[PDB]
Amino acid sequence: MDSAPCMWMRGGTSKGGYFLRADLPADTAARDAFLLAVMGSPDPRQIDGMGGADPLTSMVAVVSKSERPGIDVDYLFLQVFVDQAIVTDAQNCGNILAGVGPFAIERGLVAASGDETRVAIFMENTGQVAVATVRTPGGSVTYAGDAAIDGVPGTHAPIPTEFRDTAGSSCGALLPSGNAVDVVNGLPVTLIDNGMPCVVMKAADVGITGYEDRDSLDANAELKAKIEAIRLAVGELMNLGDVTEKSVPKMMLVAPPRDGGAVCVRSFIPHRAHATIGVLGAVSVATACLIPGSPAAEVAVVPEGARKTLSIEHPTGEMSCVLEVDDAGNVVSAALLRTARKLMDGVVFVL
Amino acid sequence: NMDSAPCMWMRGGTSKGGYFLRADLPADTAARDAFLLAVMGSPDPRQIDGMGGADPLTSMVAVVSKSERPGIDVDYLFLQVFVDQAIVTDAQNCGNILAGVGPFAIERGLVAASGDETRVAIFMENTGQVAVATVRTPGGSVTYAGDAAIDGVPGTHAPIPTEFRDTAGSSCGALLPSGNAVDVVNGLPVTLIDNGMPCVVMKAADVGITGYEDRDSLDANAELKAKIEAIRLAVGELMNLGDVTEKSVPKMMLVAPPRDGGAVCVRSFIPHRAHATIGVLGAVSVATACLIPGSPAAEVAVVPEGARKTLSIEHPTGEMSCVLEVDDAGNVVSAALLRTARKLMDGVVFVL
Ligand SMILES: O=C(O)/C=C(\CC(=O)C(=O)O)C(=O)O
Ligand SMILES: O=C(O)/C=C(\CC(=O)C(=O)O)C(=O)O
Ligand SMILES: [Cl-]
Ligand SMILES: [Cl-]
Ligand SMILES: [Cl-]
């Protein structure tokens, strides 16, 4: 097959191609080779495909109607590497998730149910369910509205998303090492998975402030080398095997908030600096803020009460994470606002 | 306000952008620009809410229509959509995006396939110049598959040879709008030249680089970029380009001796980002400058002898050759260059 139907969408602060599962090769080696060609990878410019030469604009959602009881659609996230011939399936992606609901409704996978449509989305990569609510005025998806998210110009229709049962969905526990803190290459880190495996550490401990812009961080070869050494050192401890060629864990460098939020973060995902912050990445970081003795807890400003709005500051503003904690202080849910937009709909081609 | 249009996303040469039928876009320029900005996701350094790839070279538009001009198959207007300003500019040719125009026009039925290699004569509306491209149409259908390669694009595709005649002065009114082979601007000798793309040609070494740096190093060189932009703003009137402050011309061309067997090595700012490779008509202008005695380009170039000259223009990821025919007076009378293209996505683009 040399082409496939495809909707190009912005999902949250990321961008990529949304496919029906049936339209892609069933064999995953052939599927991944096709997706590389669709995107134009490997190429630092992605000039001969639809990737935008940024991992955050080189992403794929494979969506299908679900047979799981109570679930509307199944969603597989695939990261297409920009300049390697690698497609990875080892993580969730809550930004690209934002486009899944609207894509599924437009494609008839799930019926609109009034002016707003709840969509229960099984995230195949980790086996957990997320719930998105999509504006469907008059029974049709809209992308217009009054909502805004930092990192995206303008305003769009809101897409509230809610995540439960996130802890340990990749590493088998919230803290796969069993410790709140671990010393790695002479630095305290928290190894944490509440929907995204993360290594959380103080920006100041790897020799930056945590307030640098994306270009400054991407050009900092010395910083990138130092944190890559830590990432490779903890891959097995987080039950992720050999992470050398994986996209996980995400490296989260935290600092005290500056614009009135809970914490400030710079993320490497795992090699490129994030332009903003990942959705489940932010949930893991926000969760670490609540763990006494974590580097995150030391720099964070944490509100009182069972339902905590934790503003996570990032290079171009912030993204707020509403957590509720149970009896024992465990996070039992996380809710975040996203938006999406259909950008182009048609057929993608490969040679 | 228009909220969708049919659109083919293509790679044209080493560039990428949206190809539209003229009839599918707003007739009013202001409405058209607001639509195209929104299609691309501009202004936004990351172009996250549209189809632009956060680089001027992947934020380009071609507007194509069947031509009524005798002997011309299609009319093609090139539009640059700025990445992080609300500006769409029509002031230049674009010979990379031109490569997609032939195949696009045949797919869209604007020109019929003719044999297995279809000639397509293309009127470049921005300057009134014509290019002639040949498109592989085996069995009557465009193919993008083939054995040709161009530096800056992985793999191989169908060849699209292109030939340009009557190139000189199409934006500035003359090949050398100042009348001089060299002018001194901000302390350094430059050549102001237009052989299809208005350019300021200067020695890389005179502005503090070697000319062999990679694109990332050049885009990070704020001191260099400020020096170059001050020169650009100082030459707009001399080049008969009026007020260039919000324009994308002239292109700033920094030349050095060839290092990999070519005629000259170039780095180009277009005008603000460093080029990842080199523009097609920009290269023609630089190649032409190499032939002018006294030019900075002639001082660093290695120029082959003969009436037919293959001038290899070296750039950050290899080279692109310009085959120039020159007449007895030494004037360039045609330029021929190989490009390729590929259809990437076809369908409908949307805006709010
Ligand atoms: O870290 C990455 O790979 C990029 C992401 C991840 C994300 O959204 C999430 O953590 O849920 C993104 O911003 O798209
Ligand atoms: O200079 C620019 O703005 C970019 C160009 C120009 C081009 O191709 C040409 O000079 O004909 C490109 O697409 O490479
Ligand atoms: Cl399906
Ligand atoms: Cl719909
Ligand atoms: Cl038309």
Side-chain angles (χ1 to χ4, degrees), chain A residues 11-16 55-59 77 79 88 90-98 102-108 110-112 117 123 130 134 136-142 151 161 163 166 195-198 247-252 267-270 272 274-285 314 319 336 338 342, chain B residues 12-17 56-60 78 80 89 91-99 124 131 152 162 164 196-199 248-253 268-273 275-286 315 320 337 339:
Chain A
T13 48
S14 295
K15 193 197 309 179
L56 299 177
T57 62
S58 184
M59 284 167 176
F77 172 67
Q79 177 68 61
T88 54
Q91 69 178 69
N92 292 325
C93 179
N95 271 301
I96 289 299
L97 173 92
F103 173 82
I105 297 160
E106 288 212 36
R107 291 290 196 253
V110 53
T117 298
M123 302 190 293
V134 179
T136 52
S140 301
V141 169
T142 185
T161 71
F163 302 92
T166 43
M196 182 57 62
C198 290
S247 60
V248 284
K250 311 296 169 175
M251 315 303 291
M252 301 294 199
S267 183
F268 293 78
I269 61 174
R272 198 71 197 263
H274 205 305
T276 56
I277 187 74
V279 167
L280 290 152
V283 176
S284 290
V285 164
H314 62 62
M319 176 184 76
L336 303 94
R338 290 286 88 169
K342 174 170 65 178
Chain B
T14 45
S15 289
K16 201 193 302 182
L57 300 174
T58 62
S59 180
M60 282 170 178
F78 169 66
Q80 176 69 54
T89 186
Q92 69 178 76
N93 289 328
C94 183
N96 274 305
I97 290 292
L98 170 79
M124 300 189 287
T162 305
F164 305 85
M197 177 65 52
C199 295
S248 57
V249 287
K251 307 299 168 172
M252 313 301 290
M253 299 293 200
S268 179
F269 290 81
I270 62 174
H272 304 304
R273 281 284 308 268
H275 205 302
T277 55
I278 191 65
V280 171
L281 289 162
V284 174
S285 285
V286 168
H315 63 63
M320 177 185 72
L337 303 90
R339 289 282 91 172

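Start at 1 and go down the list; that is how both ligands and their atoms are numbered. Just so it is clear: chains get the letters A, B, ... in the order the sequence lines come, proteins before strands, and each one is counted from 1. Atoms considered below: every heavy atom in the structure, side chains included; atoms not considered: hydrogens, waters and symmetry mates.
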Student: Would A/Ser247 and A/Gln91 count as a side chain to side chain donor-acceptor pair (under 3.5 Å) if you check the C-alpha gap in whole Å, the side-chain angles of each, and the deciding distance to 0.1 Å?
Tutor: CA-CA 8 Å; A/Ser247 60; A/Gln91 69 178 69; 2.9 Å; yes
Student: Under the side chain to side chain contact (heavy atoms under 4.5 Å, CB included) rule, collect the residues that match up with A/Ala282, sequence neighbours excluded.
Tutor: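 A/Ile277, A/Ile312, A/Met319.
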Student: Test of understanding: with side chain to side chain contact (heavy atoms under 4.5 Å, CB included), list the residues that count as partners of B/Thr58, not counting sequence neighbours.
Tutor: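 Listed in chain order: A/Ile47, B/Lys16, B/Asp55.
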Student: Give me the pairs of N or O atoms, one from ligand 2 and one from the protein, that sit under 3.5 Å apart.
Tutor:
{"residue": "ligand 2", "atom": "1 (O)", "partner": "B/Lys251", "partner atom": "NZ", "Å": "3.2"}
{"residue": "ligand 2", "atom": "3 (O)", "partner": "B/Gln92", "partner atom": "NE2", "Å": "3.2"}
{"residue": "ligand 2", "atom": "3 (O)", "partner": "B/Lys251", "partner atom": "NZ", "Å": "2.7"}
{"residue": "ligand 2", "atom": "8 (O)", "partner": "B/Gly95", "partner atom": "N", "Å": "3.4"}
{"residue": "ligand 2", "atom": "8 (O)", "partner": "B/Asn96", "partner atom": "N", "Å": "3.1"}
{"residue": "ligand 2", "atom": "8 (O)", "partner": "B/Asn96", "partner atom": "ND2", "Å": "3.2"}
{"residue": "ligand 2", "atom": "8 (O)", "partner": "B/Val280", "partner atom": "N", "Å": "3.1"}
{"residue": "ligand 2", "atom": "10 (O)", "partner": "B/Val280", "partner atom": "N", "Å": "3.4"}
{"residue": "ligand 2", "atom": "10 (O)", "partner": "B/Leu281", "partner atom": "N", "Å": "3.2"}
{"residue": "ligand 2", "atom": "10 (O)", "partner": "B/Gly282", "partner atom": "N", "Å": "2.9"}
{"residue": "ligand 2", "atom": "11 (O)", "partner": "B/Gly95", "partner atom": "N", "Å": "2.7"}
{"residue": "ligand 2", "atom": "11 (O)", "partner": "B/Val280", "partner atom": "N", "Å": "3.3"}
{"residue": "ligand 2", "atom": "11 (O)", "partner": "B/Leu281", "partner atom": "N", "Å": "2.8"}
{"residue": "ligand 2", "atom": "13 (O)", "partner": "B/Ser15", "partner atom": "OG", "Å": "2.6"}
{"residue": "ligand 2", "atom": "14 (O)", "partner": "B/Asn96", "partner atom": "ND2", "Å": "2.8"}
{"residue": "ligand 2", "atom": "14 (O)", "partner": "B/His275", "partner atom": "NE2", "Å": "2.7"}

Student: Within this structure, what is the CG-OG1 distance for the pair A/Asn95 and A/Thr161, rounded to the nearest 0.5 Å?
Tutor: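 If we round to the nearest 0.5 Å, A/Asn95:CG and A/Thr161:OG1 are 9.0 Å apart.
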Student: Tell me, please, which residues at least two apart from A/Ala90 pass side chain to side chain contact (heavy atoms under 4.5 Å, CB included).
Tutor: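 Scan of A/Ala90 (side chain to side chain contact (heavy atoms under 4.5 Å, CB included), adjacent residues dropped) gives A/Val248.
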Student: Given the rule in the side-chain contact (heavy atoms from CB on, under 4.5 Å) test, do A/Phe163 and A/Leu97 qualify, once you have shown the distances and angles that lead to the verdict?
Tutor: CA-CA 11 Å; A/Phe163 302 92; A/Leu97 173 92; 3.6 Å; yes
